[PDB]
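Novice: Please find start-v1.txt (compact mmCIF, N, CA and C atoms and all ligand atoms) on the next line:
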# COMPACT_ATOMS: atom_id res chain seq x y z
N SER A 7 33.35 0.18 76.27
CA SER A 7 34.74 0.08 75.83
C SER A 7 34.94 0.75 74.45
N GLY A 8 36.21 0.98 74.06
CA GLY A 8 36.55 1.60 72.79
C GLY A 8 37.73 2.55 72.88
N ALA A 9 38.48 2.71 71.77
CA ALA A 9 39.68 3.56 71.73
C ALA A 9 39.84 4.26 70.36
N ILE A 10 40.73 5.30 70.29
CA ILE A 10 41.10 5.96 69.03
C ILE A 10 42.57 5.55 68.73
N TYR A 11 42.83 5.15 67.50
CA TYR A 11 44.15 4.72 67.03
C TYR A 11 44.63 5.69 65.94
N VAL A 12 45.54 6.61 66.29
CA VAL A 12 46.09 7.60 65.35
C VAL A 12 47.61 7.57 65.45
N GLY A 13 48.28 7.19 64.36
CA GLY A 13 49.74 7.07 64.38
C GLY A 13 50.18 6.03 65.39
N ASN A 14 51.22 6.31 66.17
CA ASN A 14 51.68 5.36 67.18
C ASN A 14 51.02 5.63 68.54
N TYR A 15 49.77 6.08 68.54
CA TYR A 15 49.06 6.39 69.80
C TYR A 15 47.72 5.63 69.91
N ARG A 16 47.32 5.37 71.14
CA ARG A 16 46.04 4.80 71.49
C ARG A 16 45.42 5.77 72.50
N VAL A 17 44.23 6.28 72.22
CA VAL A 17 43.52 7.20 73.13
C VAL A 17 42.35 6.44 73.76
N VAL A 18 42.31 6.35 75.07
CA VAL A 18 41.25 5.61 75.78
C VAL A 18 40.70 6.44 76.95
N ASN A 19 39.56 6.02 77.57
CA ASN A 19 39.11 6.68 78.81
C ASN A 19 40.14 6.28 79.88
N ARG A 20 40.59 7.23 80.70
CA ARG A 20 41.58 6.95 81.73
C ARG A 20 41.07 5.90 82.71
N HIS A 21 39.78 5.99 83.07
CA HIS A 21 39.19 5.04 84.04
C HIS A 21 39.09 3.59 83.48
N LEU A 22 39.29 3.41 82.18
CA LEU A 22 39.27 2.09 81.55
C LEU A 22 40.66 1.60 81.04
N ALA A 23 41.71 2.40 81.25
CA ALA A 23 43.07 2.08 80.82
C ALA A 23 43.57 0.78 81.44
N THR A 24 44.34 0.01 80.66
CA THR A 24 44.88 -1.29 81.05
C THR A 24 46.31 -1.19 81.66
N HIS A 25 46.90 -2.33 82.07
CA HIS A 25 48.26 -2.34 82.60
C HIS A 25 49.24 -1.91 81.50
N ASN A 26 49.03 -2.42 80.27
CA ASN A 26 49.84 -2.08 79.10
C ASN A 26 49.79 -0.59 78.77
N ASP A 27 48.60 0.03 78.80
CA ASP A 27 48.45 1.48 78.60
C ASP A 27 49.33 2.27 79.58
N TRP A 28 49.30 1.91 80.86
CA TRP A 28 50.10 2.60 81.88
C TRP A 28 51.62 2.26 81.75
N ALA A 29 51.98 1.07 81.24
CA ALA A 29 53.40 0.72 81.04
C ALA A 29 53.99 1.46 79.82
N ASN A 30 53.14 1.89 78.88
CA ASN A 30 53.52 2.63 77.68
C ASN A 30 52.88 4.03 77.64
N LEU A 31 52.64 4.62 78.81
CA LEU A 31 52.04 5.93 79.04
C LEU A 31 52.77 7.04 78.30
N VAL A 32 52.03 7.91 77.56
CA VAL A 32 52.56 9.10 76.92
C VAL A 32 52.04 10.35 77.70
N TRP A 33 50.76 10.36 78.02
CA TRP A 33 50.11 11.46 78.72
C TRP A 33 48.77 10.96 79.34
N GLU A 34 48.39 11.51 80.48
CA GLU A 34 47.10 11.20 81.09
C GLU A 34 46.59 12.45 81.85
N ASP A 35 45.29 12.58 81.94
CA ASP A 35 44.67 13.70 82.62
C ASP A 35 43.38 13.22 83.29
N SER A 36 43.41 13.07 84.64
CA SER A 36 42.24 12.65 85.41
C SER A 36 41.09 13.64 85.21
N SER A 37 41.40 14.95 85.14
CA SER A 37 40.35 15.96 84.99
C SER A 37 39.60 15.85 83.66
N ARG A 38 40.20 15.23 82.62
CA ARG A 38 39.55 15.04 81.31
C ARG A 38 39.09 13.59 81.08
N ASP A 39 39.45 12.66 81.99
CA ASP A 39 39.19 11.22 81.93
C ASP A 39 39.89 10.69 80.66
N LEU A 40 41.11 11.18 80.31
CA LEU A 40 41.80 10.68 79.09
C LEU A 40 43.17 10.11 79.42
N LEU A 41 43.60 9.12 78.65
CA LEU A 41 44.93 8.55 78.80
C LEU A 41 45.34 8.17 77.41
N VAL A 42 46.58 8.50 77.05
CA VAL A 42 47.17 8.18 75.75
C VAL A 42 48.39 7.29 75.98
N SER A 43 48.41 6.15 75.28
CA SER A 43 49.51 5.21 75.36
C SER A 43 50.14 4.99 73.99
N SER A 44 51.40 4.53 73.98
CA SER A 44 52.10 4.27 72.73
C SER A 44 51.79 2.87 72.17
N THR A 45 51.84 2.74 70.85
CA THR A 45 51.54 1.48 70.17
C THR A 45 52.64 1.15 69.19
N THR A 46 52.80 -0.13 68.88
CA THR A 46 53.79 -0.57 67.89
C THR A 46 53.24 -0.41 66.49
N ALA A 47 51.97 -0.77 66.30
CA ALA A 47 51.31 -0.66 65.02
C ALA A 47 50.88 0.78 64.77
N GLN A 48 50.71 1.13 63.49
CA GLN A 48 50.27 2.45 63.01
C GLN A 48 48.74 2.52 62.96
N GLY A 49 48.19 3.60 63.49
CA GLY A 49 46.76 3.87 63.51
C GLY A 49 46.35 4.80 62.38
N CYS A 50 45.17 4.59 61.83
CA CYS A 50 44.74 5.39 60.69
C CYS A 50 43.52 6.28 60.95
N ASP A 51 43.17 6.54 62.24
CA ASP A 51 42.04 7.44 62.51
C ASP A 51 42.46 8.86 62.23
N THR A 52 41.57 9.63 61.66
CA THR A 52 41.80 11.03 61.39
C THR A 52 41.15 11.82 62.52
N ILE A 53 41.91 12.69 63.18
CA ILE A 53 41.35 13.54 64.20
C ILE A 53 40.85 14.81 63.53
N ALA A 54 39.62 15.22 63.86
CA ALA A 54 39.05 16.47 63.35
C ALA A 54 39.74 17.64 64.05
N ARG A 55 39.92 18.73 63.33
CA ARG A 55 40.47 19.99 63.81
C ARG A 55 39.44 21.01 63.38
N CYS A 56 38.39 21.24 64.21
CA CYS A 56 37.23 22.04 63.82
C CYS A 56 36.45 22.52 65.07
N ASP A 57 35.34 23.27 64.86
CA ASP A 57 34.46 23.63 65.97
C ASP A 57 33.03 23.13 65.67
N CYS A 58 32.89 21.95 65.02
CA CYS A 58 31.56 21.36 64.75
C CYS A 58 30.84 21.13 66.06
N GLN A 59 29.56 21.33 66.04
CA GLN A 59 28.65 21.02 67.14
C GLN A 59 27.59 20.00 66.71
N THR A 60 27.82 19.27 65.61
CA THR A 60 26.95 18.20 65.13
C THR A 60 27.85 17.03 64.71
N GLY A 61 27.35 15.81 64.90
CA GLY A 61 28.11 14.63 64.53
C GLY A 61 27.29 13.38 64.72
N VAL A 62 27.99 12.21 64.74
CA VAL A 62 27.36 10.89 64.91
C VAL A 62 28.23 10.10 65.93
N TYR A 63 27.59 9.48 66.95
CA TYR A 63 28.36 8.69 67.92
C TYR A 63 27.89 7.22 67.90
N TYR A 64 28.76 6.30 68.30
CA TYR A 64 28.42 4.90 68.34
C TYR A 64 27.92 4.55 69.75
N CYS A 65 26.73 3.92 69.83
CA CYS A 65 26.18 3.57 71.14
C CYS A 65 26.14 2.05 71.27
N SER A 66 27.15 1.46 71.98
CA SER A 66 27.28 0.03 72.06
C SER A 66 26.11 -0.65 72.77
N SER A 67 25.49 -0.01 73.79
CA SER A 67 24.29 -0.53 74.47
C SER A 67 23.06 -0.62 73.54
N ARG A 68 23.12 -0.01 72.35
CA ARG A 68 22.03 -0.16 71.39
C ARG A 68 22.50 -0.78 70.07
N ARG A 69 23.84 -1.06 69.91
CA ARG A 69 24.42 -1.55 68.65
C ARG A 69 23.99 -0.64 67.47
N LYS A 70 24.01 0.68 67.73
CA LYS A 70 23.56 1.65 66.71
C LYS A 70 24.41 2.91 66.76
N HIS A 71 24.43 3.69 65.66
CA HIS A 71 25.04 5.01 65.58
C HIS A 71 23.85 6.04 65.68
N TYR A 72 24.05 7.16 66.37
CA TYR A 72 23.01 8.18 66.50
C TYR A 72 23.54 9.55 66.10
N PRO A 73 22.76 10.31 65.32
CA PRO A 73 23.15 11.71 65.03
C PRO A 73 22.84 12.61 66.25
N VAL A 74 23.73 13.57 66.59
CA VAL A 74 23.58 14.44 67.78
C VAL A 74 24.05 15.89 67.55
N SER A 75 23.46 16.85 68.29
CA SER A 75 23.98 18.21 68.37
C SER A 75 24.67 18.16 69.74
N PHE A 76 25.84 18.76 69.88
CA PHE A 76 26.57 18.69 71.15
C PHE A 76 27.09 20.06 71.55
N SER A 77 27.37 20.26 72.88
CA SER A 77 27.82 21.55 73.33
C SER A 77 29.32 21.77 73.08
N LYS A 78 29.82 23.00 73.29
CA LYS A 78 31.26 23.26 73.16
C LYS A 78 31.98 22.68 74.37
N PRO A 79 33.22 22.19 74.23
CA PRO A 79 33.92 21.60 75.38
C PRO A 79 34.04 22.56 76.54
N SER A 80 33.57 22.11 77.70
CA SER A 80 33.56 22.94 78.90
C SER A 80 33.75 22.09 80.16
N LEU A 81 33.82 22.76 81.33
CA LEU A 81 33.97 22.21 82.68
C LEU A 81 32.58 21.84 83.13
N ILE A 82 32.32 20.55 83.41
CA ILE A 82 30.98 20.13 83.80
C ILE A 82 31.08 19.20 85.02
N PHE A 83 30.07 19.01 85.95
CA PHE A 83 29.98 18.02 87.10
C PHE A 83 29.77 16.47 86.91
N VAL A 84 30.51 15.64 87.68
CA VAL A 84 30.46 14.14 87.54
C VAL A 84 30.48 13.40 88.88
N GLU A 85 29.46 12.55 89.10
CA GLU A 85 29.23 11.87 90.35
C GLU A 85 30.33 10.84 90.55
N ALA A 86 30.57 10.47 91.78
CA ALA A 86 31.73 9.60 92.05
C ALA A 86 31.59 8.20 91.44
N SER A 87 32.57 7.37 91.74
CA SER A 87 32.56 6.06 91.08
C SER A 87 33.79 5.32 91.58
N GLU A 88 33.87 4.05 91.27
CA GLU A 88 35.18 3.45 91.71
C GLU A 88 36.37 4.05 90.93
N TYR A 89 36.17 5.21 90.33
CA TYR A 89 37.22 5.88 89.50
C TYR A 89 37.51 7.28 90.10
N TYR A 90 36.51 8.11 90.34
CA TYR A 90 36.75 9.55 90.76
C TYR A 90 35.69 10.14 91.70
N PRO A 91 36.07 11.10 92.55
CA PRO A 91 35.13 11.79 93.40
C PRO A 91 34.38 12.86 92.59
N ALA A 92 33.34 13.41 93.21
CA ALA A 92 32.59 14.50 92.57
C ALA A 92 33.52 15.66 92.17
N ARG A 93 33.47 16.06 90.88
CA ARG A 93 34.40 17.10 90.40
C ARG A 93 33.92 17.64 89.10
N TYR A 94 34.57 18.68 88.66
CA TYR A 94 34.31 19.14 87.29
C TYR A 94 35.28 18.43 86.34
N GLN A 95 34.72 17.85 85.30
CA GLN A 95 35.55 17.24 84.26
C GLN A 95 35.69 18.35 83.20
N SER A 96 36.90 18.64 82.75
CA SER A 96 37.14 19.69 81.75
C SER A 96 37.09 19.08 80.34
N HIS A 97 36.92 19.95 79.32
CA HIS A 97 36.90 19.56 77.91
C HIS A 97 35.76 18.58 77.60
N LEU A 98 34.64 18.70 78.32
CA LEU A 98 33.50 17.79 78.15
C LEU A 98 32.35 18.44 77.32
N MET A 99 31.74 17.67 76.42
CA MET A 99 30.66 18.15 75.54
C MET A 99 29.41 17.29 75.78
N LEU A 100 28.22 17.89 75.94
CA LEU A 100 27.00 17.12 76.18
C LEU A 100 26.07 17.14 74.97
N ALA A 101 25.28 16.07 74.83
CA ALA A 101 24.28 15.84 73.80
C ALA A 101 23.06 15.13 74.42
N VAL A 102 21.89 15.28 73.79
CA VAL A 102 20.71 14.54 74.19
C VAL A 102 20.79 13.22 73.40
N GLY A 103 20.84 12.11 74.12
CA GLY A 103 21.00 10.80 73.52
C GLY A 103 21.12 9.72 74.59
N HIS A 104 20.87 8.48 74.21
CA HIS A 104 21.00 7.36 75.08
C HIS A 104 22.49 7.00 75.34
N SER A 105 22.78 6.65 76.60
CA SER A 105 24.08 6.18 77.02
C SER A 105 23.94 5.37 78.33
N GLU A 106 24.77 4.34 78.47
CA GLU A 106 24.91 3.46 79.64
C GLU A 106 26.41 3.34 79.99
N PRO A 107 26.82 2.97 81.24
CA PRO A 107 28.27 3.00 81.58
C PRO A 107 29.22 2.33 80.58
N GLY A 108 28.86 1.15 80.11
CA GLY A 108 29.65 0.43 79.10
C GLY A 108 29.77 1.11 77.74
N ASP A 109 29.04 2.21 77.52
CA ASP A 109 29.15 2.97 76.28
C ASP A 109 30.38 3.84 76.20
N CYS A 110 31.11 4.05 77.31
CA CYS A 110 32.36 4.84 77.34
C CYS A 110 33.35 4.26 76.31
N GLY A 111 34.02 5.09 75.51
CA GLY A 111 34.92 4.57 74.48
C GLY A 111 34.33 4.63 73.08
N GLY A 112 33.01 4.78 72.97
CA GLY A 112 32.37 4.95 71.66
C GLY A 112 32.80 6.26 71.03
N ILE A 113 33.17 6.22 69.75
CA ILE A 113 33.67 7.39 69.08
C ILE A 113 32.53 8.28 68.63
N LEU A 114 32.80 9.63 68.71
CA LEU A 114 31.94 10.66 68.14
C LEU A 114 32.71 11.24 66.93
N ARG A 115 32.06 11.30 65.76
CA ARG A 115 32.71 11.80 64.56
C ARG A 115 31.86 12.88 63.87
N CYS A 116 32.50 13.84 63.20
CA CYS A 116 31.81 14.81 62.34
C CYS A 116 32.37 14.54 60.90
N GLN A 117 31.99 15.34 59.90
CA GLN A 117 32.52 15.22 58.53
C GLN A 117 34.07 15.39 58.46
N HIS A 118 34.68 16.00 59.48
CA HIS A 118 36.13 16.25 59.53
C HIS A 118 36.93 15.14 60.22
N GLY A 119 36.25 14.19 60.88
CA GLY A 119 36.95 13.09 61.52
C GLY A 119 36.52 12.85 62.96
N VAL A 120 37.41 12.22 63.78
CA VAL A 120 37.12 11.87 65.16
C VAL A 120 37.12 13.12 66.04
N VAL A 121 36.04 13.35 66.79
CA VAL A 121 35.87 14.50 67.67
C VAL A 121 36.25 14.15 69.12
N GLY A 122 35.77 13.00 69.57
CA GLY A 122 35.97 12.58 70.94
C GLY A 122 35.40 11.21 71.21
N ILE A 123 35.42 10.84 72.49
CA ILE A 123 34.91 9.53 72.89
C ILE A 123 33.91 9.68 74.02
N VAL A 124 32.90 8.76 74.09
CA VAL A 124 31.94 8.80 75.20
C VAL A 124 32.70 8.67 76.55
N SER A 125 32.32 9.45 77.56
CA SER A 125 33.01 9.47 78.84
C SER A 125 32.06 9.54 80.03
N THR A 126 30.85 10.13 79.84
CA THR A 126 29.86 10.26 80.95
C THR A 126 28.44 10.13 80.33
N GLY A 127 27.40 10.12 81.17
CA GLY A 127 26.04 10.10 80.70
C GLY A 127 25.06 9.89 81.82
N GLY A 128 23.79 9.86 81.45
CA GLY A 128 22.67 9.66 82.37
C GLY A 128 21.54 10.65 82.15
N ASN A 129 20.31 10.25 82.44
CA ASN A 129 19.13 11.13 82.33
C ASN A 129 18.83 11.59 80.92
N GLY A 130 19.13 10.75 79.94
CA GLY A 130 18.88 11.10 78.55
C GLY A 130 19.99 11.94 77.95
N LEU A 131 21.11 12.11 78.67
CA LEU A 131 22.25 12.85 78.15
C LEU A 131 23.45 11.92 77.98
N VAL A 132 24.39 12.30 77.10
CA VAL A 132 25.63 11.59 76.91
C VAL A 132 26.74 12.65 76.84
N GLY A 133 27.84 12.41 77.57
CA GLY A 133 28.99 13.30 77.59
C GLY A 133 30.17 12.70 76.87
N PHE A 134 30.87 13.55 76.08
CA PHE A 134 32.03 13.15 75.28
C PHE A 134 33.29 13.94 75.66
N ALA A 135 34.40 13.23 75.81
CA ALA A 135 35.68 13.84 76.10
C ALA A 135 36.26 14.34 74.76
N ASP A 136 36.42 15.65 74.58
CA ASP A 136 36.96 16.21 73.34
C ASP A 136 38.43 15.84 73.13
N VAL A 137 38.86 15.56 71.87
CA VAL A 137 40.29 15.33 71.60
C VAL A 137 40.82 16.32 70.49
N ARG A 138 39.95 17.19 69.92
CA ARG A 138 40.34 18.04 68.80
C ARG A 138 41.46 19.06 69.14
N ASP A 139 41.61 19.43 70.42
CA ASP A 139 42.66 20.35 70.82
C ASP A 139 44.05 19.68 70.95
N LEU A 140 44.10 18.33 70.99
CA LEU A 140 45.39 17.62 71.18
C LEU A 140 46.10 17.52 69.85
N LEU A 141 46.69 18.64 69.43
CA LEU A 141 47.35 18.74 68.11
C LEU A 141 48.53 17.77 67.93
N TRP A 142 49.21 17.42 69.05
CA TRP A 142 50.37 16.52 69.07
C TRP A 142 50.06 15.07 68.66
N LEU A 143 48.77 14.68 68.68
CA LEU A 143 48.40 13.32 68.28
C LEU A 143 48.81 12.99 66.85
N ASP A 144 49.01 14.03 66.00
CA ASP A 144 49.34 13.91 64.59
C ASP A 144 50.80 13.91 64.24
N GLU A 145 51.68 14.45 65.11
CA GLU A 145 53.11 14.57 64.78
C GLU A 145 54.04 13.69 65.59
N1 LIG B 201 34.13 10.31 83.29
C1 LIG B 201 33.60 9.94 84.44
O1 LIG B 201 33.88 10.47 85.51
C2 LIG B 201 32.67 8.74 84.38
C3 LIG B 201 33.37 7.47 84.90
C4 LIG B 201 32.45 6.24 84.87
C5 LIG B 201 31.12 6.54 85.54
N2 LIG B 201 30.51 7.74 84.94
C6 LIG B 201 29.37 7.74 84.22
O2 LIG B 201 28.94 8.75 83.68
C7 LIG B 201 28.64 6.41 84.13
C8 LIG B 201 27.50 6.45 83.15
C9 LIG B 201 26.18 6.23 83.56
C10 LIG B 201 25.13 6.27 82.65
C11 LIG B 201 25.38 6.50 81.30
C12 LIG B 201 26.69 6.70 80.90
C13 LIG B 201 27.73 6.68 81.79
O3 LIG B 201 28.94 6.69 81.13
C14 LIG B 201 28.59 6.74 79.74
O4 LIG B 201 27.18 6.97 79.64
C15 LIG B 201 31.34 8.94 85.11
ZN ZN B 202 34.06 18.92 62.28
As structure tokens - that is how I would like this structure written.
Specialist:
Amino acid sequence: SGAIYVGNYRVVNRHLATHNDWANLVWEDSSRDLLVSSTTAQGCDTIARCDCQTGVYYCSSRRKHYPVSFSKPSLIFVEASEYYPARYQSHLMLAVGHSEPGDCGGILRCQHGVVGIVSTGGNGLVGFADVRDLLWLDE
């Protein structure tokens, strides 16, 4: 579990979105596993606007933060689930690191701010849904 709170927005994994998220829906994309909902309270997370390939992510299955090198956001493969069939997820970045299903929602950050959230993993890899291209989250 986990979310990003920036301004009047909440960014979560689409497969983990609640009834409230869908009742206050701003934008969602199954291909990116992202959903953005509106909030009453103001969020203070800073979104990074950069091309960093290094950062630190929170791993809830270990109660620890880990430093990682990660790939550039690209179209990558994802096995089915009670959420989605086999497909390419777009805007996805991979790193070598520990991850378990409940780790989805953990934030990845660089020196410039929030980069993305955990969205996939397995076999010693962890995948993050990039949010740095969503310029509208700030205005
Ligand atoms: N975005 C998707 O289509 C995902 C939806 C939930 C299932 N999924 C996973 O990757 C599950 C998983 C297994 C093992 C380590 C994991 C992990 O998730 C975080 O790290 C795919
Ligand atoms: Zn950065």
Novice: Counting only C-alpha atoms, what is within 12 Å of segment 73-85 of chain A, bar same-chain residues fewer than 2 positions away, as a ChimeraX atom specification?
Specialist: /A:37-39,56-65,70-71,87-104,114-117,121-122,124-128,131-139
Novice: Could you give me, as a PyMOL selection string, the residues within 8 Å of segment 25-32 of chain A, counting only N, CA and C atoms and dropping anything in the same chain fewer than 4 positions from it?
Specialist: chain A and resi 41-45
Novice: Counting only N, CA and C atoms, which residues sit no farther than 8 Å from the position (48.6, 6.9, 58.2) in the file's frame? I'd like them as a ChimeraX atom specification.
Specialist: /A:12-13,48-51
Novice: What does the structure give for the distance between atom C9 of ligand LIG 201 (chain B) and atom CA of residue 129 of chain A, in Å to one decimal?
Specialist: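 One can read the atom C9 of ligand LIG 201 (chain B) to atom CA of residue 129 of chain A distance as 8.7 Å.
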Novice: Kindly indicate which residue among A:130, A:109, A:9, A:24 lies nearest to residue 67 of chain A, using only C-alpha atoms for the distances.
Specialist: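 That would be A:109, the residue with the smallest distance to residue 67 of chain A.
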Novice: What does the distance from atom CA of residue 118 of chain A to atom CA of residue 17 of chain A come to in Å, to one decimal?
Specialist: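 For atom CA of residue 118 of chain A relative to atom CA of residue 17 of chain A, the distance reads 17.9 Å.
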Novice: At what distance in Å, to one decimal, does atom N of residue 108 of chain A lie from atom N of residue 55 of chain A?
Specialist: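 Separation of atom N of residue 55 of chain A and atom N of residue 108 of chain A: 26.7 Å.
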Novice: Closest to ligand LIG 201 (chain B) among A:21, A:113, A:33, A:14, using all atoms listed in the file?
Specialist: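 Looking only at the distances to ligand LIG 201 (chain B), the closest residue turns out to be A:21.
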Novice: Determine which residues of segment 9-134 of chain A receive a DSSP assignment of helix (DSSP H, G or I), computed from the backbone, and state them as a ChimeraX atom specification.
Specialist: /A:20-22,25-29,36-38,107-109
Novice: Will you model N, CA, C and O atoms for segment 66-87 of chain A and pass it back as a short mmCIF file (atom, residue, chain, number, x, y, z; two decimals), keeping the file's coordinate frame?
Specialist:
data_model
loop_
_atom_site.label_atom_id
_atom_site.label_comp_id
_atom_site.auth_asym_id
_atom_site.auth_seq_id
_atom_site.Cartn_x
_atom_site.Cartn_y
_atom_site.Cartn_z
N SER A 66 27.15 1.46 71.98
CA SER A 66 27.28 0.03 72.06
C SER A 66 26.11 -0.65 72.77
O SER A 66 25.73 -1.72 72.33
N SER A 67 25.49 -0.01 73.79
CA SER A 67 24.29 -0.53 74.47
C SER A 67 23.06 -0.62 73.54
O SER A 67 22.06 -1.25 73.92
N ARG A 68 23.12 -0.01 72.35
CA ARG A 68 22.03 -0.16 71.39
C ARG A 68 22.50 -0.78 70.07
O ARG A 68 21.67 -0.93 69.16
N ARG A 69 23.84 -1.06 69.91
CA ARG A 69 24.42 -1.55 68.65
C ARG A 69 23.99 -0.64 67.47
O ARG A 69 23.59 -1.10 66.38
N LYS A 70 24.01 0.68 67.73
CA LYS A 70 23.56 1.65 66.71
C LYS A 70 24.41 2.91 66.76
O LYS A 70 24.91 3.26 67.83
N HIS A 71 24.43 3.69 65.66
CA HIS A 71 25.04 5.01 65.58
C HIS A 71 23.85 6.04 65.68
O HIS A 71 22.73 5.79 65.15
N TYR A 72 24.05 7.16 66.37
CA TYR A 72 23.01 8.18 66.50
C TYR A 72 23.54 9.55 66.10
O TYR A 72 24.63 9.94 66.51
N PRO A 73 22.76 10.31 65.32
CA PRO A 73 23.15 11.71 65.03
C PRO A 73 22.84 12.61 66.25
O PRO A 73 21.79 12.40 66.91
N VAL A 74 23.73 13.57 66.59
CA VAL A 74 23.58 14.44 67.78
C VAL A 74 24.05 15.89 67.55
O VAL A 74 24.95 16.14 66.74
N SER A 75 23.46 16.85 68.29
CA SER A 75 23.98 18.21 68.37
C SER A 75 24.67 18.16 69.74
O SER A 75 24.17 17.46 70.64
N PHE A 76 25.84 18.76 69.88
CA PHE A 76 26.57 18.69 71.15
C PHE A 76 27.09 20.06 71.55
O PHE A 76 27.17 20.97 70.70
N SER A 77 27.37 20.26 72.88
CA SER A 77 27.82 21.55 73.33
C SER A 77 29.32 21.77 73.08
O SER A 77 30.03 20.83 72.72
N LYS A 78 29.82 23.00 73.29
CA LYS A 78 31.26 23.26 73.16
C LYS A 78 31.98 22.68 74.37
O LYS A 78 31.42 22.69 75.46
N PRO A 79 33.22 22.19 74.23
CA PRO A 79 33.92 21.60 75.38
C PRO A 79 34.04 22.56 76.54
O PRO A 79 34.50 23.70 76.39
N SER A 80 33.57 22.11 77.70
CA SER A 80 33.56 22.94 78.90
C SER A 80 33.75 22.09 80.16
O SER A 80 33.88 20.88 80.07
N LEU A 81 33.82 22.76 81.33
CA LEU A 81 33.97 22.21 82.68
C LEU A 81 32.58 21.84 83.13
O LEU A 81 31.72 22.74 83.21
N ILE A 82 32.32 20.55 83.41
CA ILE A 82 30.98 20.13 83.80
C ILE A 82 31.08 19.20 85.02
O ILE A 82 31.88 18.27 85.00
N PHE A 83 30.07 19.01 85.95
CA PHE A 83 29.98 18.02 87.10
C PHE A 83 29.77 16.47 86.91
O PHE A 83 28.79 16.12 86.27
N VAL A 84 30.51 15.64 87.68
CA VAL A 84 30.46 14.14 87.54
C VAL A 84 30.48 13.40 88.88
O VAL A 84 31.47 13.53 89.59
N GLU A 85 29.46 12.55 89.10
CA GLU A 85 29.23 11.87 90.35
C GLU A 85 30.33 10.84 90.55
O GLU A 85 30.94 10.46 89.55
N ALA A 86 30.57 10.47 91.78
CA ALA A 86 31.73 9.60 92.05
C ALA A 86 31.59 8.20 91.44
O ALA A 86 30.67 7.96 90.68
N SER A 87 32.57 7.37 91.74
CA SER A 87 32.56 6.06 91.08
C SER A 87 33.79 5.32 91.58
O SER A 87 34.63 5.94 92.24
#
